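Student: input.cif is reproduced below (mmCIF, N, CA and C atoms).
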data_upload
loop_
_atom_site.label_atom_id
_atom_site.label_comp_id
_atom_site.auth_asym_id
_atom_site.auth_seq_id
_atom_site.Cartn_x
_atom_site.Cartn_y
_atom_site.Cartn_z
N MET A 1 205.47 34.96 142.76
CA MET A 1 206.30 34.72 143.97
C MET A 1 207.61 35.48 143.88
N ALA A 2 208.14 35.59 142.66
CA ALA A 2 209.40 36.30 142.46
C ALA A 2 209.25 37.78 142.80
N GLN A 3 208.11 38.38 142.46
CA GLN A 3 207.90 39.80 142.76
C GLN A 3 207.83 40.04 144.27
N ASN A 4 207.29 39.09 145.02
CA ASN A 4 207.26 39.23 146.47
C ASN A 4 208.67 39.27 147.05
N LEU A 5 209.54 38.36 146.59
CA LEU A 5 210.93 38.40 147.01
C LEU A 5 211.60 39.69 146.56
N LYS A 6 211.26 40.16 145.36
CA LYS A 6 211.76 41.45 144.89
C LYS A 6 211.45 42.55 145.90
N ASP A 7 210.18 42.66 146.29
CA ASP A 7 209.77 43.72 147.21
C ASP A 7 210.41 43.54 148.58
N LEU A 8 210.51 42.30 149.05
CA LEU A 8 211.10 42.05 150.36
C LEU A 8 212.57 42.44 150.38
N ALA A 9 213.32 42.06 149.35
CA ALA A 9 214.73 42.44 149.27
C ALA A 9 214.88 43.95 149.13
N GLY A 10 214.03 44.57 148.31
CA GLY A 10 214.09 46.02 148.15
C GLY A 10 213.85 46.76 149.45
N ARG A 11 212.89 46.28 150.25
CA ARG A 11 212.44 47.01 151.43
C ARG A 11 213.49 47.03 152.54
N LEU A 12 214.57 46.27 152.42
CA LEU A 12 215.62 46.32 153.42
C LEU A 12 216.12 47.75 153.55
N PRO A 13 216.18 48.31 154.76
CA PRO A 13 216.54 49.73 154.88
C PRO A 13 217.93 50.01 154.32
N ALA A 14 218.07 51.17 153.69
CA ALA A 14 219.35 51.61 153.13
C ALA A 14 220.22 52.16 154.26
N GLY A 15 220.77 51.23 155.03
CA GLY A 15 221.57 51.57 156.18
C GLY A 15 222.91 52.15 155.79
N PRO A 16 223.63 52.72 156.77
CA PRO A 16 224.98 53.21 156.48
C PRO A 16 225.91 52.12 155.96
N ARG A 17 227.11 52.50 155.55
CA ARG A 17 227.98 51.59 154.81
C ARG A 17 228.35 50.36 155.63
N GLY A 18 228.43 50.50 156.95
CA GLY A 18 229.00 49.44 157.77
C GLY A 18 228.22 48.14 157.68
N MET A 19 226.89 48.22 157.78
CA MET A 19 226.09 47.00 157.86
C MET A 19 226.08 46.24 156.54
N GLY A 20 226.35 46.91 155.42
CA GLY A 20 226.46 46.18 154.16
C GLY A 20 227.64 45.22 154.16
N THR A 21 228.82 45.72 154.52
CA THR A 21 229.98 44.85 154.66
C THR A 21 229.76 43.83 155.77
N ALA A 22 229.04 44.21 156.83
CA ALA A 22 228.73 43.26 157.89
C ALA A 22 227.90 42.10 157.35
N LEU A 23 226.88 42.39 156.54
CA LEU A 23 226.06 41.34 155.95
C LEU A 23 226.88 40.47 155.01
N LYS A 24 227.76 41.09 154.22
CA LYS A 24 228.63 40.31 153.34
C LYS A 24 229.50 39.35 154.14
N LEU A 25 230.10 39.84 155.23
CA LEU A 25 230.94 38.98 156.06
C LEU A 25 230.12 37.87 156.72
N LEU A 26 228.89 38.19 157.14
CA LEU A 26 228.03 37.17 157.74
C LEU A 26 227.71 36.07 156.73
N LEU A 27 227.40 36.46 155.49
CA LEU A 27 227.15 35.46 154.46
C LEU A 27 228.39 34.61 154.19
N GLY A 28 229.56 35.25 154.11
CA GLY A 28 230.80 34.49 153.99
C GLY A 28 230.96 33.47 155.10
N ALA A 29 230.78 33.90 156.35
CA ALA A 29 230.95 33.00 157.49
C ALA A 29 229.92 31.88 157.45
N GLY A 30 228.69 32.19 157.06
CA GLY A 30 227.67 31.15 156.97
C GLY A 30 228.02 30.09 155.95
N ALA A 31 228.44 30.52 154.75
CA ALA A 31 228.85 29.57 153.73
C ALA A 31 230.04 28.73 154.20
N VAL A 32 231.01 29.36 154.86
CA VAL A 32 232.19 28.63 155.32
C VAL A 32 231.79 27.59 156.37
N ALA A 33 230.91 27.97 157.30
CA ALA A 33 230.46 27.03 158.31
C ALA A 33 229.70 25.87 157.68
N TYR A 34 228.86 26.15 156.68
CA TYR A 34 228.14 25.08 156.00
C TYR A 34 229.11 24.12 155.31
N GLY A 35 230.12 24.66 154.64
CA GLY A 35 231.11 23.80 154.01
C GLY A 35 231.85 22.94 155.01
N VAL A 36 232.26 23.54 156.13
CA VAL A 36 232.98 22.79 157.16
C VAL A 36 232.10 21.68 157.72
N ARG A 37 230.81 21.98 157.94
CA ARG A 37 229.90 20.96 158.45
C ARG A 37 229.72 19.83 157.44
N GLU A 38 229.60 20.17 156.15
CA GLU A 38 229.34 19.16 155.13
C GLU A 38 230.56 18.31 154.82
N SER A 39 231.78 18.82 155.05
CA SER A 39 232.97 18.04 154.71
C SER A 39 233.06 16.71 155.48
N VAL A 40 232.20 16.45 156.47
CA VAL A 40 232.15 15.17 157.16
C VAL A 40 230.90 14.44 156.69
N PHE A 41 230.94 13.11 156.74
CA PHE A 41 229.94 12.27 156.09
C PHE A 41 229.24 11.37 157.09
N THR A 42 228.11 10.82 156.64
CA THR A 42 227.36 9.87 157.45
C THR A 42 228.26 8.73 157.86
N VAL A 43 228.40 8.53 159.17
CA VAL A 43 229.46 7.67 159.68
C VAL A 43 228.97 6.81 160.87
N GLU A 44 228.71 5.51 160.63
CA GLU A 44 228.36 4.47 161.62
C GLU A 44 229.55 3.53 161.83
N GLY A 45 229.84 3.17 163.07
CA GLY A 45 231.04 2.41 163.40
C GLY A 45 230.77 0.92 163.47
N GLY A 46 231.56 0.16 162.73
CA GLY A 46 231.02 -0.95 162.01
C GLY A 46 230.85 -0.61 160.56
N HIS A 47 231.31 0.58 160.15
CA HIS A 47 231.40 0.97 158.76
C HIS A 47 232.70 1.76 158.61
N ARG A 48 233.72 1.11 158.05
CA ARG A 48 234.97 1.77 157.71
C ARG A 48 234.69 2.69 156.53
N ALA A 49 234.15 3.88 156.79
CA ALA A 49 233.78 4.75 155.68
C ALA A 49 235.04 5.26 155.01
N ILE A 50 235.50 4.56 153.97
CA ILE A 50 236.80 4.87 153.39
C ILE A 50 236.70 6.10 152.50
N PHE A 51 237.87 6.63 152.12
CA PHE A 51 237.97 7.64 151.07
C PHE A 51 237.76 7.03 149.70
N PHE A 52 236.60 7.32 149.13
CA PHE A 52 236.38 7.22 147.70
C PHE A 52 237.06 8.35 146.94
N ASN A 53 238.28 8.11 146.47
CA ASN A 53 238.97 9.11 145.67
C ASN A 53 238.21 9.34 144.37
N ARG A 54 238.03 10.62 144.05
CA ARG A 54 237.31 10.98 142.84
C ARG A 54 238.05 10.48 141.61
N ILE A 55 239.37 10.60 141.63
CA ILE A 55 240.23 10.19 140.52
C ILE A 55 240.82 8.83 140.85
N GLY A 56 240.78 7.92 139.87
CA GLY A 56 241.30 6.59 140.05
C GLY A 56 240.37 5.64 140.78
N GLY A 57 239.20 6.11 141.20
CA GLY A 57 238.25 5.26 141.89
C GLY A 57 238.50 5.15 143.37
N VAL A 58 238.07 4.04 143.96
CA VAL A 58 238.31 3.80 145.38
C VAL A 58 239.80 3.89 145.66
N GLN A 59 240.14 4.28 146.89
CA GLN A 59 241.53 4.30 147.35
C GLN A 59 241.89 2.91 147.84
N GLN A 60 242.39 2.09 146.92
CA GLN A 60 242.69 0.69 147.23
C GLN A 60 243.72 0.58 148.36
N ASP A 61 244.50 1.64 148.58
CA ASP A 61 245.51 1.61 149.63
C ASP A 61 245.07 2.34 150.89
N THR A 62 244.16 3.30 150.78
CA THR A 62 243.70 4.07 151.93
C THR A 62 242.61 3.27 152.64
N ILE A 63 243.05 2.47 153.61
CA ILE A 63 242.16 1.61 154.37
C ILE A 63 241.89 2.29 155.70
N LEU A 64 240.68 2.82 155.84
CA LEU A 64 240.34 3.64 156.98
C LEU A 64 239.91 2.72 158.12
N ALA A 65 240.87 2.42 159.00
CA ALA A 65 240.54 1.90 160.32
C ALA A 65 239.97 3.09 161.08
N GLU A 66 239.77 2.97 162.40
CA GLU A 66 238.84 3.84 163.16
C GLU A 66 239.39 5.23 163.51
N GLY A 67 238.82 6.25 162.86
CA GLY A 67 239.59 7.42 162.46
C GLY A 67 238.83 8.40 161.59
N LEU A 68 239.08 9.69 161.86
CA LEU A 68 238.67 10.80 161.01
C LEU A 68 239.23 10.66 159.61
N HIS A 69 238.39 10.96 158.62
CA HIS A 69 238.85 11.06 157.25
C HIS A 69 237.86 11.94 156.52
N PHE A 70 238.23 13.19 156.22
CA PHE A 70 237.28 14.20 155.77
C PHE A 70 237.06 14.01 154.27
N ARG A 71 235.80 13.86 153.87
CA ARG A 71 235.50 13.71 152.45
C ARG A 71 235.52 15.10 151.82
N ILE A 72 236.29 15.25 150.76
CA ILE A 72 236.29 16.51 150.03
C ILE A 72 234.93 16.59 149.34
N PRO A 73 234.11 17.60 149.62
CA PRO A 73 232.74 17.59 149.09
C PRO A 73 232.74 17.55 147.57
N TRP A 74 231.81 16.77 147.02
CA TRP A 74 231.68 16.51 145.59
C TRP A 74 232.87 15.73 145.05
N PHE A 75 233.71 15.18 145.91
CA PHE A 75 234.96 14.53 145.51
C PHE A 75 235.13 13.15 146.13
N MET B 1 219.08 56.52 139.86
CA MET B 1 220.32 55.70 140.01
C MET B 1 220.04 54.42 140.78
N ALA B 2 219.22 54.53 141.83
CA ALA B 2 218.92 53.37 142.66
C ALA B 2 218.23 52.28 141.85
N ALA B 3 217.24 52.65 141.03
CA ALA B 3 216.49 51.65 140.27
C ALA B 3 217.41 50.89 139.31
N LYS B 4 218.37 51.59 138.70
CA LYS B 4 219.32 50.91 137.82
C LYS B 4 220.14 49.89 138.60
N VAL B 5 220.57 50.25 139.81
CA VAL B 5 221.30 49.31 140.65
C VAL B 5 220.43 48.10 140.97
N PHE B 6 219.17 48.33 141.32
CA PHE B 6 218.26 47.23 141.60
C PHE B 6 218.17 46.28 140.41
N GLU B 7 217.92 46.84 139.22
CA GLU B 7 217.75 46.00 138.03
C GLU B 7 219.02 45.25 137.69
N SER B 8 220.18 45.91 137.78
CA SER B 8 221.44 45.24 137.47
C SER B 8 221.72 44.11 138.45
N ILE B 9 221.49 44.35 139.74
CA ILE B 9 221.71 43.30 140.73
C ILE B 9 220.77 42.13 140.49
N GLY B 10 219.52 42.42 140.11
CA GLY B 10 218.59 41.34 139.80
C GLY B 10 219.04 40.52 138.61
N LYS B 11 219.50 41.19 137.55
CA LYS B 11 219.99 40.46 136.38
C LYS B 11 221.19 39.60 136.74
N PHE B 12 222.12 40.15 137.52
CA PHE B 12 223.28 39.37 137.94
C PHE B 12 222.87 38.17 138.78
N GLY B 13 221.91 38.35 139.68
CA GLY B 13 221.44 37.24 140.49
C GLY B 13 220.79 36.15 139.66
N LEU B 14 219.97 36.54 138.69
CA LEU B 14 219.35 35.55 137.82
C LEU B 14 220.40 34.79 137.02
N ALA B 15 221.39 35.50 136.48
CA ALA B 15 222.45 34.83 135.74
C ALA B 15 223.22 33.87 136.64
N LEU B 16 223.51 34.28 137.87
CA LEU B 16 224.22 33.41 138.80
C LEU B 16 223.40 32.17 139.12
N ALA B 17 222.09 32.33 139.32
CA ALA B 17 221.24 31.18 139.60
C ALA B 17 221.23 30.21 138.43
N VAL B 18 221.12 30.73 137.20
CA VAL B 18 221.12 29.86 136.03
C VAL B 18 222.45 29.12 135.92
N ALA B 19 223.56 29.83 136.11
CA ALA B 19 224.87 29.19 136.03
C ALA B 19 225.02 28.11 137.09
N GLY B 20 224.58 28.39 138.32
CA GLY B 20 224.66 27.39 139.37
C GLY B 20 223.82 26.17 139.06
N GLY B 21 222.62 26.38 138.52
CA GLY B 21 221.79 25.25 138.13
C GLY B 21 222.45 24.39 137.08
N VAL B 22 223.04 25.02 136.06
CA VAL B 22 223.72 24.26 135.02
C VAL B 22 224.90 23.48 135.61
N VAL B 23 225.69 24.13 136.46
CA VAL B 23 226.85 23.46 137.05
C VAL B 23 226.40 22.27 137.88
N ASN B 24 225.33 22.43 138.66
CA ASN B 24 224.82 21.31 139.45
C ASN B 24 224.35 20.18 138.55
N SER B 25 223.65 20.51 137.46
CA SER B 25 223.19 19.49 136.53
C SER B 25 224.34 18.83 135.77
N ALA B 26 225.53 19.42 135.79
CA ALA B 26 226.66 18.90 135.04
C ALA B 26 227.49 17.88 135.81
N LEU B 27 227.05 17.45 137.00
CA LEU B 27 227.83 16.56 137.85
C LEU B 27 227.03 15.29 138.14
N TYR B 28 227.74 14.20 138.43
CA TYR B 28 227.11 12.92 138.74
C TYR B 28 227.90 12.19 139.81
N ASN B 29 227.20 11.38 140.60
CA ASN B 29 227.81 10.56 141.65
C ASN B 29 227.54 9.09 141.34
N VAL B 30 228.52 8.42 140.75
CA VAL B 30 228.50 6.98 140.58
C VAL B 30 229.32 6.42 141.74
N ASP B 31 228.63 5.99 142.80
CA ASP B 31 229.29 5.44 143.97
C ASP B 31 230.36 4.44 143.56
N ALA B 32 231.39 4.32 144.39
CA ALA B 32 232.45 3.37 144.08
C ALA B 32 231.91 1.96 144.21
N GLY B 33 232.67 1.01 143.67
CA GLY B 33 232.08 -0.24 143.32
C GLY B 33 231.18 -0.16 142.12
N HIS B 34 230.68 1.03 141.78
CA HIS B 34 230.11 1.31 140.47
C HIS B 34 231.11 2.19 139.73
N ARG B 35 231.82 1.62 138.77
CA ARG B 35 232.63 2.40 137.85
C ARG B 35 231.74 2.91 136.73
N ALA B 36 231.72 4.22 136.56
CA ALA B 36 230.81 4.85 135.62
C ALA B 36 231.25 4.63 134.18
N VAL B 37 230.32 4.85 133.26
CA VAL B 37 230.60 4.90 131.83
C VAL B 37 229.97 6.19 131.32
N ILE B 38 230.78 7.07 130.73
CA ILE B 38 230.23 8.31 130.19
C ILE B 38 229.17 7.96 129.15
N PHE B 39 227.99 8.54 129.33
CA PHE B 39 226.84 8.29 128.47
C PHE B 39 226.79 9.46 127.50
N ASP B 40 227.91 9.65 126.79
CA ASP B 40 228.06 10.70 125.79
C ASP B 40 227.41 10.29 124.47
N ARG B 41 226.48 11.12 123.99
CA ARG B 41 225.74 10.85 122.76
C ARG B 41 226.24 11.70 121.60
N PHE B 42 227.26 12.53 121.83
CA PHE B 42 228.07 13.18 120.81
C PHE B 42 228.88 12.17 119.98
N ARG B 43 229.75 11.38 120.63
CA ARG B 43 230.70 10.43 120.05
C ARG B 43 230.65 9.12 120.88
N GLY B 44 229.67 8.94 121.78
CA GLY B 44 229.36 7.59 122.27
C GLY B 44 229.78 7.12 123.67
N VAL B 45 230.10 5.81 123.81
CA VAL B 45 230.51 5.17 125.07
C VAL B 45 232.04 5.04 125.12
N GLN B 46 232.67 5.61 126.16
CA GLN B 46 234.08 5.98 126.10
C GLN B 46 234.97 4.78 126.40
N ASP B 47 235.58 4.19 125.36
CA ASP B 47 236.66 3.23 125.60
C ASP B 47 237.67 3.78 126.59
N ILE B 48 237.88 5.09 126.57
CA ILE B 48 238.57 5.74 127.68
C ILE B 48 237.70 5.52 128.91
N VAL B 49 238.18 4.72 129.86
CA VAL B 49 237.34 4.29 130.97
C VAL B 49 237.16 5.46 131.92
N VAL B 50 236.03 6.15 131.79
CA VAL B 50 235.66 7.17 132.75
C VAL B 50 234.82 6.47 133.81
N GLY B 51 235.49 5.84 134.77
CA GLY B 51 234.82 5.06 135.78
C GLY B 51 234.35 5.94 136.92
N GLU B 52 234.49 5.44 138.14
CA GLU B 52 234.28 6.27 139.31
C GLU B 52 235.01 7.59 139.15
N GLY B 53 234.39 8.65 139.66
CA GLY B 53 234.82 10.00 139.38
C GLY B 53 233.67 10.85 138.91
N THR B 54 233.47 12.00 139.53
CA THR B 54 232.39 12.90 139.15
C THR B 54 232.88 13.80 138.04
N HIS B 55 233.26 13.19 136.92
CA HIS B 55 233.73 13.92 135.77
C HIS B 55 232.63 14.85 135.26
N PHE B 56 233.06 16.01 134.76
CA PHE B 56 232.12 17.06 134.40
C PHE B 56 231.37 16.64 133.15
N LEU B 57 230.20 16.03 133.33
CA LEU B 57 229.35 15.66 132.21
C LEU B 57 228.61 16.90 131.72
N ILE B 58 228.76 17.20 130.44
CA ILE B 58 227.98 18.31 129.88
C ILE B 58 226.51 17.93 129.89
N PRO B 59 225.58 18.83 130.22
CA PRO B 59 224.17 18.43 130.24
C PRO B 59 223.62 18.25 128.84
N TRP B 60 222.57 17.43 128.74
CA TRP B 60 221.85 17.10 127.52
C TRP B 60 222.65 16.13 126.66
N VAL B 61 223.88 15.79 127.06
CA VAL B 61 224.75 14.92 126.29
C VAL B 61 225.18 13.68 127.08
N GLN B 62 225.55 13.85 128.35
CA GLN B 62 226.11 12.78 129.16
C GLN B 62 225.28 12.61 130.42
N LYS B 63 224.45 11.56 130.44
CA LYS B 63 223.67 11.16 131.61
C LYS B 63 224.40 10.05 132.35
N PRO B 64 224.62 10.16 133.65
CA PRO B 64 225.39 9.11 134.33
C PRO B 64 224.62 7.79 134.42
N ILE B 65 225.11 6.76 133.75
CA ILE B 65 224.62 5.40 133.95
C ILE B 65 225.59 4.73 134.91
N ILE B 66 225.04 4.14 135.96
CA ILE B 66 225.82 3.62 137.07
C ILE B 66 226.01 2.12 136.85
N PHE B 67 227.25 1.72 136.56
CA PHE B 67 227.59 0.34 136.26
C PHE B 67 228.35 -0.24 137.44
N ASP B 68 227.83 -1.32 138.01
CA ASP B 68 228.33 -1.82 139.28
C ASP B 68 229.54 -2.72 139.04
#
Can I see the file as structure tokens?
Tutor:
Amino acid sequence: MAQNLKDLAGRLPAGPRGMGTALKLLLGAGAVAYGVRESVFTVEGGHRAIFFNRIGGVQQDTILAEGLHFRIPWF
Amino acid sequence: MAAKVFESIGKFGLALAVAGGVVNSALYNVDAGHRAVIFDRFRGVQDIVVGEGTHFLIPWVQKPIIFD
């Protein structure tokens, strides 16, 4: 299966310089959009989805009444 | 020249994939209300309370046990 991906990636036409940087920028934008989408969490109302601070445990003082609160991914 | 570029990019990609896999395996999520205990088998169970927190557990040494 790895060799098939090898051939598929290789077969991409050797286009002029512009589209290479274009593809790099597109990948950057895709990753950034994915991160922005993921920074919000499963949220039902009737659930004060509080900030679980990574350090020190739960945020005993950060009591999330009804309101945006972006979870730092992996944090 | 092209073939060398292909091979080098492949080697770099494989190394990146391995590093990403290790980094992913080095993290744990002990939900709050569960304060974690580092399951370190080098020097043991940490009187230093490593509770909630996705502390960087080295793989093969620290498996997250979730203590409620």
Student: Residues around (225.9, 11.8, 137.3), cut-off 12 Å, counting only C-alpha atoms - what are they as number ranges by chain?
Tutor: A: 74; B: 23-31, 34-40, 50-67
Student: Select from chain A every residue with an atom at most 6 Å from any atom of chain B, then for each give the shortest pair of atoms and their distance in Å to one decimal, using only N, CA and C atoms, rows by chain and rising number, as CSV.
Tutor:
residue,atom,partner,partner_atom,distance
A:54,C,B:53,CA,4.0
A:55,N,B:53,CA,5.1
A:56,N,B:52,C,5.8
A:57,CA,B:52,C,4.8
A:58,N,B:32,CA,5.7
Student: Just how far from atom C of residue A:53 is atom C of residue B:48, in Å to one decimal?
Tutor: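 It comes out at 15.9 Å.
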Student: Please indicate the distance in Å from atom CA of residue B:12 to atom CA of residue A:73, rounded to one decimal place.
Tutor: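 Going from atom CA of residue B:12 over to atom CA of residue A:73 covers 26.2 Å.
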Student: Give me the residues within 10 Å of residue A:67 as a PyMOL selection string, counting only C-alpha atoms and dropping any in the same chain fewer than 6 places off.
Tutor: chain A and resi 45+48-50
Student: Between atom CA of residue A:65 and atom C of residue A:47, what is the distance in Å, rounded to a tenth?
Tutor: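 We find that atom CA of residue A:65 and atom C of residue A:47 lie 8.0 Å from each other.
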Student: Find the spatial neighbours of residue A:10, counting only C-alpha atoms, within a cut-off of 12 Å - ignore same-chain residues fewer than 3 positions away - and output them as a VMD selection string.
Tutor: (chain A and resid 3 to 7 13 to 14) or (chain B and resid 2 to 3 5 to 7 9 to 10)
